[PDB]
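# Structural overview
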Amino acid sequence: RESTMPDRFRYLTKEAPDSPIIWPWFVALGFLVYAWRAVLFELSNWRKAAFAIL
Amino acid sequence: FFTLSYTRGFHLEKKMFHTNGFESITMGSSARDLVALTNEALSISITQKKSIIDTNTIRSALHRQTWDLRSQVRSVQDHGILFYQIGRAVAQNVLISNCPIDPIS
Amino acid sequence: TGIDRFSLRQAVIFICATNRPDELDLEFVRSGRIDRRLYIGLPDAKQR
Amino acid sequence: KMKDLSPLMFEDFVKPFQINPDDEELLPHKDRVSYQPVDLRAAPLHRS
Amino acid sequence: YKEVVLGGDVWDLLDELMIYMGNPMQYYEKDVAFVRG
Amino acid sequence: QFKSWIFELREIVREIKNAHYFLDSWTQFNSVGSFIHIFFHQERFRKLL
């Protein structure tokens with residue numbers, strides 16, 4: 001495609017990607033390591049309920 | 001231009017106002033012509049996810065304001081007007097050191 | 001106009017055209033109001 | 001009709017002077033501009 | 001539907017207009033303007 | 001068409017970094033935040049005196 005645009009500016013017409021945000025995963029990691037025994041409680045109940053349903 | 005770019009969190013890179021870089025290419029010697037240029041340059045830097053403005057961003061912003069988009073593009077078929085522009089630009093560069101140079105194409 | 005300048009409701013692109021570009025006013029083609037100008041010309045032999 | 005007549009062909013008048021795009025070579029000049037200054041005035045007459 | 005007359009500085013004008021439309025609010029939060037006309 | 005929902009969400013986000021009008025709890029949040037911002041800055045602290 002023939003265009004009247006200089007070669008130096010060719011990289012400036014494209015939208016560069018941005019790094020996605022990551023700190024929700026880190027505060028989630030902190031909150032899950034914080035409450036480990038209760039999370040294991042709830043996971044045990046989930047597994048027992050699933051096996052009772054099946 | 002500097003105080004309009006700095007107020008939006010965009011720090012001017014320490015090479016054009018630190019040297020004679022962007023003084024020789026800047027124009028639009030009137031008000032309301034620097035606001036549009038500043039907005040275009042900030043838009044170009046935002047599309048690159050950057051916060052600093054280099055020489056290329058200013059040049060690409062100046063090129064988008066004083067140039068008309070055109071279809072059915074054709075170039076010069078007689079080299080010999082190219083020498084006219086080359087000589088005038090060289091003379092305007094060396095001799096009149098206080099005047100702009102429009103790009104040659 | 002009663003609306004914030006920077007908002008989703010103000011993300012409007014104004015396309016205008018004519019057949020006489022030099023007939024328009026000096027304060028309408030000023031940058032900030034009309035930024036980009038596209039010039040469409042007549043086709044050539046293969047397009048014909 | 002003149003295809004099989006072989007006329008005296010004129011030389012091409014509008015053939016464009018062109019530069020090679022990337023042939024690295026010092027293309028020459030004569031060495032001058034061709035403009036001649038306008039200075040045509042007769043000598044002053046006698047009995048002065 | 002004659003798409004043959006569409007070429008040169010038009011396919012570069014449309015890309016800028018889609019760039020200024022796909023997410024028009026990353027420009028409108030930081031107080032910069034579009035190509036208005 | 002899901003982009004319009006995100007458009008409205010972050011446009012409301014833009015509006016709530018302003019003081020057009022909204023619920024009272026967010027206004028109290030912004031007022032105590034502005035008080036903290038005024039108090040922390042020393043060049044904004046002296047002009048209070």
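Refer to the preceding data block for the structure.
Residues numbered from 1 in each chain as written, not as in the entry; some residues may be left out. Chains lettered and ligands numbered in written order. Part of a larger assembly, values for the part shown. Heavy atoms only, no water. Residues with missing side-chain atoms left out of burial classes, pairs and counts.

### Let's talk about the interface of chain C and chain E
This is how the line gets drawn: Two residues qualify as a contact provided that any one of their heavy atoms is within 4.5 Å of a heavy atom in the partner residue. Summed over both partners, the accessible area (1.4 Å probe) lost when two parts come together is defined as the buried area. Whenever a carboxyl oxygen of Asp or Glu lies within 4 Å of a side-chain nitrogen of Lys or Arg, that contact is scored as a salt bridge.
Listed by partner, the interface residues are 17 residues for chain C and 16 residues for chain E. Buried area between chain C and chain E, summed over both chains or domains, comes out near 1,700 Å², and the portion from carbon and sulfur atoms is 62%. Contact with chain E buries surface across chain C, with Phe 6, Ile 13 and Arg 36 of chain C losing the most and accounting together for 36% of the total. At the surface where chain C touches chain E, the tally comes to 1 salt bridge. We note a salt bridge from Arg 36 of chain C to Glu 16 of chain E, for which the minimum N-O separation is 2.7 Å.

### Side note on the packing of helix α2 (residues 34–47) of chain B against helix α3 (residues 55–63) of chain B
Residues and elements named next belong to chain B. Rules: Axis lines are fitted to C-alpha atoms, over the contacting stretch for helices. Their N-to-C directions set the angle, which ranges from 0 to 180 degrees. In this description a helix means any DSSP run of H or I spanning at least four residues, a strand means any run of E spanning at least two, and both kinds are numbered starting from the N terminus. Roughly parallel here means an angle under 35 degrees, roughly antiparallel means over 145, roughly perpendicular means 65 to 115, and every remaining angle is called oblique. Crossing chirality is assigned from the near helix's rotation relative to the far helix, an anticlockwise turn below a right angle marking it left-handed and a clockwise turn marking it right-handed.
α3 packs onto α2 with a crossing angle of 125° between their chain directions and a minimal axis gap of 9 Å. Taken together, α2 and α3 sit at an angle that is classed as oblique. Our pair here, α2 against α3, has a crossing hand that is right-handed. Where α2 approaches α3, its residues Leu 37, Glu 40, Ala 41, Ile 44 and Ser 45 are matched on the opposing element by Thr 57, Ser 60, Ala 61 and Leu 62.

### Some remarks on the packing of aromatic side chains
Convention followed: Pairing of aromatic rings covers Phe, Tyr and the six-membered ring of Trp, with a centre-to-centre limit of 6.5 Å; geometry is then stacked below 30 degrees between planes, edge-to-face above 60, and tilted otherwise. Any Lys NZ or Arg CZ that is within 6 Å of a ring centre and within 35 degrees of that ring's normal is treated as a charge sitting over the ring.
Evaluated as defined, the whole model comprises 14 aromatic pairs over all chains. Pairing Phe 6 of chain C with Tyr 28 of chain E gives two aromatic rings, centres 5.6 Å apart and planes at 75°, and the pair type is edge-to-face. Placement of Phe 6 of chain C in the segment before β1 (38–39) and of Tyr 28 of chain E in the segment after α1 (13–22) is noted, with the two residues assigned to different chains. Positioned above the aromatic ring of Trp 36 of chain A, the side-chain terminus of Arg 37 of chain A is 4.6 Å from the ring centre. One cation-aromatic arrangement involves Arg 5 of chain C over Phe 6 of chain C; the distance from NZ or CZ to the ring centre is 5.2 Å.

### Remarks on the nonpolar core
Across soluble globular proteins, nonpolar side chains have a tendency to be buried as a group. This is how the line gets drawn: Joining through side-chain atoms within 4.5 Å is the link that ties buried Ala, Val, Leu, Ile, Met, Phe, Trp, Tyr and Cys residues into a set, and such a set is a nonpolar core. Residue burial is assigned from relative accessible area. The probe radius is 1.4 Å, only protein chains are included, and a residue is buried under 20% of its type maximum, exposed over 50%, and partly exposed in between.
In this structure, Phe 1 of chain B together with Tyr 20 and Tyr 27 of chain E are the most contacted members of the largest nonpolar core, which totals 19 residues. Within the residue set of this core, elements represented by two or more residues are α2 and α3 of chain B together with α1 of chain E. Ranked by residue count, the leading element in this core is α2 of chain B, at 3 residues. Setting aside chain neighbours within four positions, we find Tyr 27 of chain E in contact with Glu 15 of chain A, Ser 43, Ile 46 and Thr 47 of chain B together with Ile 19, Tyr 20, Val 32 and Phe 34 of chain E. Counting residues in each nonpolar core, the second largest holds 6 residues, with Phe 9 and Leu 12 of chain A together with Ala 41 and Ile 44 of chain B among its members.

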